[PDB]
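J.: I'm passing along query13.cif; it holds mmCIF, C-alpha atoms and all ligand atoms.
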data_run
loop_
_atom_site.label_atom_id
_atom_site.label_comp_id
_atom_site.auth_asym_id
_atom_site.auth_seq_id
_atom_site.Cartn_x
_atom_site.Cartn_y
_atom_site.Cartn_z
CA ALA U 1 24.71 -140.50 -153.28
CA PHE U 2 27.11 -140.65 -150.33
CA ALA U 3 27.98 -137.03 -149.51
CA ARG U 4 31.21 -138.23 -147.84
CA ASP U 5 33.73 -140.95 -148.60
CA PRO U 6 32.12 -144.00 -146.91
CA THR U 7 35.38 -145.96 -146.78
CA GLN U 8 37.37 -143.38 -144.79
CA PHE U 9 36.07 -144.28 -141.29
CA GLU U 10 34.89 -147.86 -141.24
CA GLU U 11 32.69 -148.60 -138.24
CA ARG U 12 34.55 -151.81 -137.33
CA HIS U 13 37.73 -149.82 -136.63
CA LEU U 14 36.09 -146.93 -134.73
CA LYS U 15 36.46 -147.85 -131.07
CA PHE U 16 34.63 -146.13 -128.23
CA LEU U 17 36.68 -144.73 -125.36
CA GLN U 18 34.66 -142.22 -123.29
CA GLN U 19 31.55 -140.07 -123.36
CA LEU U 20 32.34 -136.34 -123.73
CA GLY U 21 28.96 -134.61 -124.06
CA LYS U 22 25.30 -135.55 -124.11
CA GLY U 23 21.99 -133.85 -124.75
CA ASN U 24 18.45 -134.86 -125.47
CA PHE U 25 19.09 -135.19 -129.23
CA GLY U 26 22.81 -135.84 -129.63
CA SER U 27 26.00 -136.91 -127.93
CA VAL U 28 29.72 -136.66 -128.53
CA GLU U 29 32.10 -139.51 -127.69
CA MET U 30 35.88 -139.83 -127.59
CA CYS U 31 36.86 -142.70 -129.92
CA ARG U 32 40.01 -144.04 -131.47
CA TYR U 33 40.27 -144.94 -135.16
CA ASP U 34 42.58 -147.92 -135.47
CA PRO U 35 42.46 -149.34 -139.00
CA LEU U 36 45.70 -151.26 -138.43
CA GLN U 37 43.94 -153.15 -135.59
CA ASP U 38 47.10 -152.81 -133.50
CA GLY U 39 45.44 -144.80 -134.34
CA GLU U 40 44.13 -141.29 -133.95
CA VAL U 41 41.86 -140.18 -131.09
CA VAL U 42 38.80 -138.43 -132.58
CA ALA U 43 35.51 -136.97 -131.43
CA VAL U 44 32.34 -138.59 -132.80
CA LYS U 45 28.91 -136.94 -132.77
CA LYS U 46 25.82 -139.08 -133.04
CA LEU U 47 22.11 -138.47 -132.75
CA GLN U 48 19.95 -139.58 -129.82
CA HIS U 49 16.22 -140.17 -130.11
CA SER U 50 16.65 -139.88 -133.85
CA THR U 51 13.85 -139.23 -136.36
CA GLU U 52 13.81 -138.75 -140.14
CA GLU U 53 13.58 -134.99 -139.62
CA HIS U 54 16.49 -134.98 -137.20
CA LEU U 55 18.57 -137.13 -139.58
CA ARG U 56 17.88 -134.64 -142.40
CA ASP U 57 18.93 -131.79 -140.11
CA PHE U 58 22.06 -133.73 -139.14
CA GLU U 59 22.98 -134.13 -142.80
CA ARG U 60 22.66 -130.36 -143.20
CA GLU U 61 24.83 -129.90 -140.07
CA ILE U 62 27.52 -132.19 -141.43
CA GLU U 63 27.51 -130.33 -144.74
CA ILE U 64 27.86 -127.06 -142.83
CA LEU U 65 30.84 -128.27 -140.83
CA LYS U 66 32.59 -129.85 -143.85
CA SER U 67 32.33 -126.49 -145.64
CA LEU U 68 34.18 -124.61 -142.87
CA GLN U 69 37.99 -124.41 -142.66
CA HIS U 70 39.18 -121.87 -140.11
CA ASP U 71 41.52 -121.80 -137.12
CA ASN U 72 38.64 -121.07 -134.72
CA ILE U 73 36.20 -123.71 -136.03
CA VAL U 74 36.56 -127.36 -134.98
CA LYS U 75 37.94 -129.50 -137.78
CA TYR U 76 35.67 -131.85 -139.73
CA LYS U 77 37.37 -135.17 -140.45
CA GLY U 78 34.67 -137.27 -142.11
CA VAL U 79 31.57 -139.37 -141.63
CA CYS U 80 31.13 -142.96 -140.50
CA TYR U 81 28.19 -144.67 -142.23
CA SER U 82 27.56 -147.14 -139.45
CA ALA U 83 24.98 -149.86 -139.04
CA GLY U 84 25.93 -151.27 -142.42
CA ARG U 85 25.69 -147.83 -144.06
CA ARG U 86 22.18 -147.31 -142.61
CA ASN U 87 23.14 -144.59 -140.09
CA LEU U 88 25.43 -141.50 -139.87
CA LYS U 89 27.98 -140.35 -137.36
CA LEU U 90 30.12 -137.21 -137.70
CA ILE U 91 33.87 -137.49 -137.12
CA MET U 92 35.82 -134.44 -135.85
CA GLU U 93 39.17 -133.64 -134.31
CA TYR U 94 39.32 -134.23 -130.55
CA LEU U 95 40.12 -131.02 -128.69
CA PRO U 96 41.90 -132.00 -125.47
CA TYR U 97 40.68 -129.35 -123.05
CA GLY U 98 36.93 -129.71 -123.54
CA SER U 99 34.29 -127.01 -123.40
CA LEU U 100 35.26 -123.46 -122.60
CA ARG U 101 32.40 -123.35 -120.05
CA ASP U 102 34.09 -126.09 -118.01
CA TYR U 103 37.64 -124.92 -118.68
CA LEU U 104 36.90 -121.43 -117.40
CA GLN U 105 35.65 -122.84 -114.11
CA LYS U 106 38.51 -125.29 -113.76
CA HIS U 107 41.21 -122.72 -114.61
CA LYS U 108 39.72 -119.39 -113.54
CA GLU U 109 42.73 -118.79 -111.27
CA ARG U 110 45.08 -118.62 -114.28
CA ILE U 111 42.73 -116.72 -116.64
CA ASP U 112 42.94 -112.90 -116.44
CA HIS U 113 41.13 -110.25 -118.49
CA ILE U 114 43.62 -110.24 -121.35
CA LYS U 115 43.15 -114.01 -121.65
CA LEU U 116 39.36 -113.64 -121.71
CA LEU U 117 39.81 -111.05 -124.48
CA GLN U 118 41.95 -113.48 -126.49
CA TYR U 119 39.09 -116.02 -126.20
CA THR U 120 36.63 -113.26 -127.22
CA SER U 121 38.72 -112.31 -130.28
CA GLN U 122 38.94 -115.93 -131.47
CA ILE U 123 35.20 -116.54 -131.14
CA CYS U 124 34.59 -113.30 -133.03
CA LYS U 125 36.88 -114.39 -135.88
CA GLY U 126 35.15 -117.75 -136.16
CA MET U 127 31.86 -115.84 -136.41
CA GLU U 128 33.20 -113.46 -139.08
CA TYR U 129 34.10 -116.54 -141.05
CA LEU U 130 30.64 -118.13 -140.59
CA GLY U 131 28.99 -114.95 -141.83
CA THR U 132 30.92 -115.15 -145.10
CA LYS U 133 29.06 -118.43 -145.79
CA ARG U 134 25.73 -116.80 -144.80
CA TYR U 135 25.46 -119.22 -141.87
CA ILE U 136 23.58 -118.18 -138.73
CA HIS U 137 24.85 -120.09 -135.74
CA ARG U 138 21.80 -119.64 -133.45
CA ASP U 139 23.42 -121.29 -130.41
CA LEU U 140 26.47 -119.25 -129.40
CA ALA U 141 27.29 -119.99 -125.78
CA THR U 142 30.40 -121.02 -123.87
CA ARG U 143 29.08 -124.60 -123.67
CA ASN U 144 29.49 -124.72 -127.50
CA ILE U 145 33.08 -123.41 -127.57
CA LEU U 146 35.97 -125.88 -127.22
CA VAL U 147 39.54 -125.42 -126.01
CA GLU U 148 42.41 -126.83 -128.06
CA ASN U 149 45.17 -125.43 -125.86
CA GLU U 150 45.75 -122.49 -123.52
CA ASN U 151 46.00 -120.13 -126.53
CA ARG U 152 43.34 -121.48 -128.95
CA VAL U 153 39.56 -121.91 -128.73
CA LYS U 154 37.19 -123.01 -131.49
CA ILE U 155 33.48 -122.95 -132.09
CA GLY U 156 32.63 -126.62 -131.45
CA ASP U 157 29.07 -127.37 -132.46
CA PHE U 158 26.73 -126.37 -135.31
CA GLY U 159 23.58 -128.35 -134.49
CA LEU U 160 21.27 -125.31 -134.79
CA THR U 161 23.09 -123.51 -137.61
CA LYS U 162 20.97 -122.42 -140.57
CA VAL U 163 21.84 -121.03 -143.96
CA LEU U 164 20.20 -117.74 -144.86
CA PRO U 165 17.70 -117.77 -147.74
CA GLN U 166 19.28 -116.37 -150.89
CA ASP U 167 17.12 -113.25 -150.85
CA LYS U 168 16.83 -112.51 -147.13
CA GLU U 169 18.99 -111.33 -144.22
CA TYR U 170 17.08 -113.42 -141.63
CA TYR U 171 15.94 -117.02 -141.22
CA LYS U 172 12.47 -117.44 -139.69
CA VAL U 173 12.20 -120.59 -137.58
CA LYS U 174 8.80 -122.24 -137.65
CA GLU U 175 8.39 -124.87 -134.96
CA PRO U 176 11.12 -124.17 -132.36
CA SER U 177 15.50 -122.84 -127.46
CA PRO U 178 18.23 -121.27 -125.26
CA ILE U 179 15.91 -118.35 -124.56
CA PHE U 180 18.31 -116.54 -122.22
CA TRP U 181 20.77 -116.09 -125.09
CA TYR U 182 18.17 -115.00 -127.64
CA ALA U 183 17.81 -111.60 -129.16
CA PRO U 184 14.41 -109.95 -128.59
CA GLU U 185 13.32 -110.30 -132.24
CA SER U 186 14.10 -114.01 -132.06
CA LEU U 187 11.74 -114.25 -129.07
CA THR U 188 9.01 -112.07 -130.60
CA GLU U 189 9.29 -112.81 -134.37
CA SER U 190 11.29 -116.09 -134.55
CA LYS U 191 13.86 -114.19 -136.67
CA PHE U 192 17.54 -115.21 -136.64
CA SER U 193 20.29 -113.28 -138.38
CA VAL U 194 23.92 -112.30 -138.15
CA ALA U 195 22.75 -109.52 -135.82
CA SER U 196 21.00 -111.98 -133.51
CA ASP U 197 24.28 -113.92 -133.37
CA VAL U 198 25.91 -110.62 -132.31
CA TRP U 199 23.34 -110.29 -129.49
CA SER U 200 24.16 -113.83 -128.37
CA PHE U 201 27.89 -113.04 -128.64
CA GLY U 202 27.27 -110.29 -126.08
CA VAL U 203 25.87 -112.97 -123.79
CA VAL U 204 28.96 -115.13 -124.41
CA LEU U 205 31.15 -112.12 -123.46
CA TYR U 206 29.11 -111.74 -120.26
CA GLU U 207 29.55 -115.45 -119.53
CA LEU U 208 33.32 -115.19 -119.96
CA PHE U 209 33.58 -112.31 -117.52
CA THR U 210 31.49 -114.17 -114.90
CA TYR U 211 33.97 -117.11 -115.00
CA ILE U 212 30.80 -119.27 -114.91
CA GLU U 213 30.44 -118.48 -111.19
CA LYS U 214 27.50 -120.05 -109.40
CA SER U 215 24.35 -117.94 -109.60
CA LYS U 216 25.78 -115.59 -112.27
CA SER U 217 24.67 -117.55 -115.37
CA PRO U 218 22.26 -115.84 -117.78
CA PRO U 219 19.37 -118.15 -116.76
CA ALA U 220 20.04 -117.55 -113.05
CA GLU U 221 20.32 -113.76 -113.44
CA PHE U 222 17.28 -113.37 -115.70
CA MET U 223 15.20 -115.60 -113.40
CA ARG U 224 16.28 -113.55 -110.38
CA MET U 225 15.08 -110.40 -112.20
CA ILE U 226 11.85 -112.00 -113.46
CA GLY U 227 11.04 -113.88 -110.24
CA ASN U 228 12.30 -117.39 -109.48
CA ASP U 229 8.85 -118.85 -108.74
CA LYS U 230 7.52 -118.16 -112.24
CA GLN U 231 6.93 -121.11 -114.54
CA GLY U 232 6.14 -121.86 -118.15
CA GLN U 233 5.24 -119.22 -120.66
CA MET U 234 4.89 -116.46 -118.07
CA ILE U 235 8.69 -116.53 -117.89
CA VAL U 236 8.97 -115.82 -121.64
CA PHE U 237 6.36 -113.08 -121.40
CA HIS U 238 8.32 -111.39 -118.63
CA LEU U 239 11.64 -111.85 -120.46
CA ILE U 240 10.24 -110.16 -123.55
CA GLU U 241 8.88 -107.24 -121.51
CA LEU U 242 12.15 -106.97 -119.60
CA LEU U 243 14.34 -106.87 -122.71
CA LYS U 244 12.10 -104.49 -124.63
CA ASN U 245 12.37 -101.92 -121.86
CA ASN U 246 16.14 -102.11 -121.41
CA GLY U 247 16.50 -104.76 -118.72
CA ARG U 248 19.92 -106.39 -119.09
CA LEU U 249 22.30 -108.77 -117.43
CA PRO U 250 24.42 -106.89 -114.87
CA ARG U 251 28.05 -106.01 -115.20
CA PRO U 252 29.97 -109.04 -113.82
CA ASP U 253 32.07 -108.59 -110.71
CA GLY U 254 35.43 -107.13 -111.68
CA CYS U 255 34.44 -106.52 -115.29
CA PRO U 256 35.89 -103.32 -116.79
CA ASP U 257 33.40 -100.69 -117.85
CA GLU U 258 34.81 -100.73 -121.37
CA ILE U 259 34.04 -104.43 -121.74
CA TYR U 260 30.54 -104.08 -120.28
CA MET U 261 30.02 -101.33 -122.85
CA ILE U 262 30.80 -103.83 -125.62
CA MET U 263 28.19 -106.18 -124.14
CA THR U 264 25.62 -103.41 -123.96
CA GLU U 265 26.26 -102.39 -127.58
CA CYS U 266 25.69 -105.98 -128.69
CA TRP U 267 22.44 -105.96 -126.70
CA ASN U 268 20.79 -103.24 -128.75
CA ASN U 269 17.10 -103.74 -129.45
CA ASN U 270 17.72 -101.94 -132.76
CA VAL U 271 18.97 -104.83 -134.90
CA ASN U 272 20.83 -102.66 -137.45
CA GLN U 273 22.64 -100.69 -134.73
CA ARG U 274 24.45 -103.71 -133.29
CA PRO U 275 28.15 -103.83 -134.22
CA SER U 276 29.43 -106.28 -136.79
CA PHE U 277 31.72 -109.20 -135.90
CA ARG U 278 34.48 -107.39 -137.85
CA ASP U 279 33.95 -104.26 -135.71
CA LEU U 280 34.07 -106.36 -132.56
CA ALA U 281 37.21 -108.30 -133.47
CA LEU U 282 39.11 -105.09 -134.23
CA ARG U 283 37.85 -103.33 -131.12
CA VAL U 284 38.78 -106.23 -128.85
CA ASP U 285 42.19 -106.73 -130.49
CA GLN U 286 42.92 -103.01 -130.16
CA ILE U 287 41.97 -103.15 -126.47
CA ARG U 288 44.32 -106.13 -126.00
CA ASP U 289 47.10 -104.43 -127.94
CA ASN U 290 46.72 -101.14 -126.05
CA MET U 291 46.84 -102.82 -122.61
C1 LIG X 301 24.33 -131.40 -126.22
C2 LIG X 301 24.38 -132.16 -127.52
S1 LIG X 301 26.11 -132.67 -127.82
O1 LIG X 301 26.47 -133.65 -126.83
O2 LIG X 301 26.25 -133.20 -129.15
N1 LIG X 301 27.16 -131.36 -127.62
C3 LIG X 301 27.92 -131.03 -126.41
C4 LIG X 301 28.98 -130.65 -127.27
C5 LIG X 301 29.15 -129.13 -127.01
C6 LIG X 301 30.14 -128.43 -127.89
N2 LIG X 301 30.89 -128.02 -128.65
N3 LIG X 301 30.25 -131.21 -127.10
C7 LIG X 301 31.20 -131.34 -128.01
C8 LIG X 301 32.28 -131.93 -127.36
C9 LIG X 301 33.69 -132.19 -127.87
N4 LIG X 301 34.62 -132.37 -126.94
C10 LIG X 301 35.87 -132.54 -127.29
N5 LIG X 301 36.87 -132.75 -126.31
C11 LIG X 301 36.66 -132.90 -124.90
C12 LIG X 301 37.82 -133.10 -124.21
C13 LIG X 301 37.78 -133.25 -122.85
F1 LIG X 301 38.95 -133.43 -122.19
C14 LIG X 301 36.60 -133.23 -122.16
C15 LIG X 301 36.61 -133.39 -120.63
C16 LIG X 301 35.90 -134.41 -120.08
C17 LIG X 301 35.96 -134.50 -118.41
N6 LIG X 301 36.04 -133.37 -117.89
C18 LIG X 301 36.07 -133.49 -116.63
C19 LIG X 301 37.24 -132.49 -118.38
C20 LIG X 301 37.20 -132.28 -119.82
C21 LIG X 301 35.44 -133.03 -122.85
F2 LIG X 301 34.21 -133.01 -122.25
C22 LIG X 301 35.43 -132.87 -124.24
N7 LIG X 301 36.30 -132.48 -128.53
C23 LIG X 301 35.41 -132.27 -129.51
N8 LIG X 301 35.60 -132.18 -130.83
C24 LIG X 301 34.40 -131.99 -131.42
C25 LIG X 301 33.42 -131.93 -130.48
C26 LIG X 301 34.07 -132.11 -129.23
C27 LIG X 301 31.97 -132.09 -126.02
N9 LIG X 301 30.68 -131.66 -125.90
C28 LIG X 301 28.28 -130.89 -128.50
#
Kindly present the structure from the file in structure tokens form.

T.:
Amino acid sequence: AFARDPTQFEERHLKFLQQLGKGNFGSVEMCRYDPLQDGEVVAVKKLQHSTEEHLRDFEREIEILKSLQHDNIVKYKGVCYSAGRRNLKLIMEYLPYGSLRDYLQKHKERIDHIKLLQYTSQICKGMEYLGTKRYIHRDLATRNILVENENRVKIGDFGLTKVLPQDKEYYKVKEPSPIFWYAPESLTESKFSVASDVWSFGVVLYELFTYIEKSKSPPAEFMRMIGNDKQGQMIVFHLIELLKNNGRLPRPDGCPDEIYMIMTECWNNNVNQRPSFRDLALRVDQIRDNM
């Protein structure tokens, strides 16, 4: 059966305006839905280089997003069953300021530490909410956070999100990767969990405090530590060895020690010792409130 109402967004009234994002397997476009043919601007996600397995994953992704209703999660609006109801596209609210990764670079001169901590708090709260559904995001990064306005960000994409098995606290991926955001046990055992999302959240917090400055990204810093000339699997082997023996991204320029300490606590090789998203949201909000 049709998991969504197929009459809500009819393809003949969904008009393309602009490309917003693009990867190897998906893209997001700005469109306008004008049923009166005379409408609302929306964001539309579609597959690229689609396959039956990717379409099945996309259906799971759509079901994930439709199940989430939270101030710091982008709003699902519906599905368009295009190509004569032989294809799927996901309809979402359009967030006018784009990805946080780009916004931070464009507006770094107006964004101070307390503003970065507001962004940190909101991402944390979206992640607390995901955990209540037993969803593991698996792709937390500033490129996947969107800006609604100067005071509100939202987690914007769920293309890699998985639901935990009923009887397990981790999801084991078979055939796989943003390796420079991955927790060590994801690299060495293919295991993803709430705690590996907390590791990746530490990387997001690092990204925020770098302001996405050139040469400070996690890939650039890890490659500088590993050796820039290395290629292929040797990179992974060195990253594993580096993380297991306490190699870490550096404290960003200007970053307070207290905030670097939060990053370092998220980057614990002991999975059970990492803080929870609830711990993190309270700690960050108390820092903001005490400033
Ligand atoms: C890699 C596979 S993917 O392509 O599928 N993937 C990439 C992906 C990453 C995430 N999350 N994404 C999602 C969106 C997206 N953007 C928007 N608004 C938007 C507004 C803007 F003003 C701009 C600008 C364009 C020109 N600039 C110079 C300035 C800012 C913009 F870029 C986006 N609203 C949305 N609602 C739901 C999704 C969504 C965008 N990228 C999901």

J.: Could you build a table of the residues in chain U lying no more than 6 Å from ligand LIG 301 (chain X), giving for each the nearest pair of atoms and their separation in Å rounded to one decimal place, using only C-alpha atoms and all ligand atoms, ordered by chain and ascending residue number, as a Markdown table?

T.:
| residue | atom | partner | partner_atom | distance |
| --- | --- | --- | --- | --- |
| U:20 | CA | X:LIG301 | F2 | 4.1 |
| U:21 | CA | X:LIG301 | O1 | 3.8 |
| U:22 | CA | X:LIG301 | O1 | 3.5 |
| U:23 | CA | X:LIG301 | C1 | 3.7 |
| U:26 | CA | X:LIG301 | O2 | 4.4 |
| U:27 | CA | X:LIG301 | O1 | 3.5 |
| U:28 | CA | X:LIG301 | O1 | 4.7 |
| U:43 | CA | X:LIG301 | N8 | 4.8 |
| U:45 | CA | X:LIG301 | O2 | 5.8 |
| U:92 | CA | X:LIG301 | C24 | 5.3 |
| U:93 | CA | X:LIG301 | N8 | 5.2 |
| U:94 | CA | X:LIG301 | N7 | 4.0 |
| U:95 | CA | X:LIG301 | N7 | 4.1 |
| U:96 | CA | X:LIG301 | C12 | 4.4 |
| U:97 | CA | X:LIG301 | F1 | 4.5 |
| U:98 | CA | X:LIG301 | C11 | 3.5 |
| U:143 | CA | X:LIG301 | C5 | 5.6 |
| U:144 | CA | X:LIG301 | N2 | 3.8 |
| U:145 | CA | X:LIG301 | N2 | 5.2 |
| U:146 | CA | X:LIG301 | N2 | 5.7 |
| U:156 | CA | X:LIG301 | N2 | 3.6 |
| U:157 | CA | X:LIG301 | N2 | 4.3 |

J.: So how many Å separate atom CA of residue 90 of chain U and atom CA of residue 147 of chain U, to one decimal?

T.: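 Taking atom CA of residue 90 of chain U and atom CA of residue 147 of chain U, their separation equals 19.1 Å.
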
J.: To one decimal place, how far is atom CA of residue 267 of chain U from atom CA of residue 202 of chain U in Å?

T.: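 Computed distance, atom CA of residue 267 of chain U to atom CA of residue 202 of chain U, equals 6.5 Å.
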
J.: Between atom CA of residue 233 of chain U and atom CA of residue 248 of chain U, what is the distance, to one decimal in Å?

T.: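 For atom CA of residue 233 of chain U relative to atom CA of residue 248 of chain U, the distance reads 19.6 Å.
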
J.: I'd like the contact shell of segment 111-117 of chain U - 8 Å cut-off, all atoms listed in the file, skipping same-chain residues fewer than 6 positions apart - returned as number ranges by chain.

T.: U: 104, 208-209, 284-285, 288

J.: Produce a file of the selected residues containing C-alpha atoms, as a PDB file, in the frame of the given file.

T.:
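Saved to result35.pdb:
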ATOM      1  CA  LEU U 104      36.900-121.430-117.400  1.00  0.00           C
ATOM      2  CA  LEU U 208      33.320-115.190-119.960  1.00  0.00           C
ATOM      3  CA  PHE U 209      33.580-112.310-117.520  1.00  0.00           C
ATOM      4  CA  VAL U 284      38.780-106.230-128.850  1.00  0.00           C
ATOM      5  CA  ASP U 285      42.190-106.730-130.490  1.00  0.00           C
ATOM      6  CA  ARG U 288      44.320-106.130-126.000  1.00  0.00           C
TER       7      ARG U 288
END

J.: Can you work out which one of U:142, U:278, U:1, U:51 has the shortest atom-to-atom distance to residue 130 of chain U, counting only C-alpha atoms?

T.: U:278

J.: Leaving out residue 76 of chain U and any residue of its chain fewer than 6 positions from it, which residues lie within 9 Å of it when counting all atoms listed in the file, given as a ChimeraX atom specification?

T.: /U:62,65-69,90-93

J.: Give the answer as one residue: which of U:71, U:59, U:11, U:167 has the shortest atom-to-atom distance to residue 44 of chain U, using all atoms listed in the file?

T.: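 Closest to residue 44 of chain U, using all atoms listed in the file: U:11.
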
J.: Compile the contact shell of residue 275 of chain U as number ranges by chain: residues with an atom at most 12 Å away, counting only C-alpha atoms, same-chain residues fewer than 5 positions apart removed.

T.: U: 124, 128, 194-199, 201-202, 261-268, 270, 280-283

J.: Closest to residue 24 of chain U among U:216, U:46, U:251, U:133, using all atoms listed in the file?

T.: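 When distances to residue 24 of chain U are compared using all atoms listed in the file, the smallest one comes from U:46.
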
J.: Some atoms are absent from segment 112-130 of chain U, so rebuild N, CA, C and O atoms and return them as a tab-separated table (two decimals), keeping the file's coordinate frame.

T.:
chain	number	residue	atom	x	y	z
U	112	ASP	N	43.16	-114.30	-116.76
U	112	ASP	CA	42.94	-112.90	-116.44
U	112	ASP	C	42.14	-112.25	-117.58
U	112	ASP	O	41.70	-112.91	-118.53
U	113	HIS	N	41.94	-110.93	-117.48
U	113	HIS	CA	41.13	-110.25	-118.49
U	113	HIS	C	41.73	-110.36	-119.88
U	113	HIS	O	40.99	-110.53	-120.85
U	114	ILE	N	43.05	-110.18	-120.01
U	114	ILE	CA	43.62	-110.24	-121.35
U	114	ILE	C	43.43	-111.63	-121.95
U	114	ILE	O	43.18	-111.75	-123.17
U	115	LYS	N	43.42	-112.68	-121.12
U	115	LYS	CA	43.15	-114.01	-121.65
U	115	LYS	C	41.69	-114.14	-122.08
U	115	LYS	O	41.40	-114.67	-123.17
U	116	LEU	N	40.76	-113.60	-121.27
U	116	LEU	CA	39.36	-113.64	-121.71
U	116	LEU	C	39.18	-112.90	-123.03
U	116	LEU	O	38.39	-113.31	-123.88
U	117	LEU	N	39.92	-111.79	-123.23
U	117	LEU	CA	39.81	-111.05	-124.48
U	117	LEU	C	40.42	-111.81	-125.64
U	117	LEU	O	39.94	-111.66	-126.76
U	118	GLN	N	41.45	-112.63	-125.40
U	118	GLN	CA	41.95	-113.48	-126.49
U	118	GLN	C	40.88	-114.49	-126.92
U	118	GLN	O	40.64	-114.70	-128.12
U	119	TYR	N	40.18	-115.06	-125.93
U	119	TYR	CA	39.09	-116.02	-126.20
U	119	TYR	C	37.97	-115.31	-126.97
U	119	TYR	O	37.40	-115.91	-127.91
U	120	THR	N	37.67	-114.07	-126.58
U	120	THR	CA	36.63	-113.26	-127.22
U	120	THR	C	36.98	-112.98	-128.67
U	120	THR	O	36.15	-113.18	-129.56
U	121	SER	N	38.23	-112.57	-128.92
U	121	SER	CA	38.72	-112.31	-130.28
U	121	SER	C	38.58	-113.54	-131.18
U	121	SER	O	38.11	-113.43	-132.32
U	122	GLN	N	38.95	-114.71	-130.65
U	122	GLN	CA	38.94	-115.93	-131.47
U	122	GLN	C	37.52	-116.36	-131.81
U	122	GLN	O	37.22	-116.74	-132.96
U	123	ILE	N	36.60	-116.25	-130.85
U	123	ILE	CA	35.20	-116.54	-131.14
U	123	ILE	C	34.68	-115.57	-132.19
U	123	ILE	O	33.97	-115.97	-133.14
U	124	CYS	N	35.04	-114.29	-132.07
U	124	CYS	CA	34.59	-113.30	-133.03
U	124	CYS	C	35.06	-113.64	-134.44
U	124	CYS	O	34.33	-113.44	-135.42
U	125	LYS	N	36.32	-114.07	-134.57
U	125	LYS	CA	36.88	-114.39	-135.88
U	125	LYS	C	36.22	-115.61	-136.49
U	125	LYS	O	35.96	-115.62	-137.72
U	126	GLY	N	35.92	-116.62	-135.65
U	126	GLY	CA	35.15	-117.75	-136.16
U	126	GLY	C	33.79	-117.30	-136.66
U	126	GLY	O	33.30	-117.77	-137.70
U	127	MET	N	33.17	-116.33	-135.98
U	127	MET	CA	31.86	-115.84	-136.41
U	127	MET	C	31.95	-114.97	-137.67
U	127	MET	O	31.06	-115.00	-138.52
U	128	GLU	N	33.02	-114.18	-137.81
U	128	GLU	CA	33.20	-113.46	-139.08
U	128	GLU	C	33.23	-114.46	-140.22
U	128	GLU	O	32.61	-114.28	-141.28
U	129	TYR	N	33.96	-115.55	-140.01
U	129	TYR	CA	34.10	-116.54	-141.05
U	129	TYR	C	32.74	-117.19	-141.37
U	129	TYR	O	32.38	-117.32	-142.54
U	130	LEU	N	31.97	-117.56	-140.33
U	130	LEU	CA	30.64	-118.13	-140.59
U	130	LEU	C	29.77	-117.20	-141.41
U	130	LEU	O	29.04	-117.65	-142.31
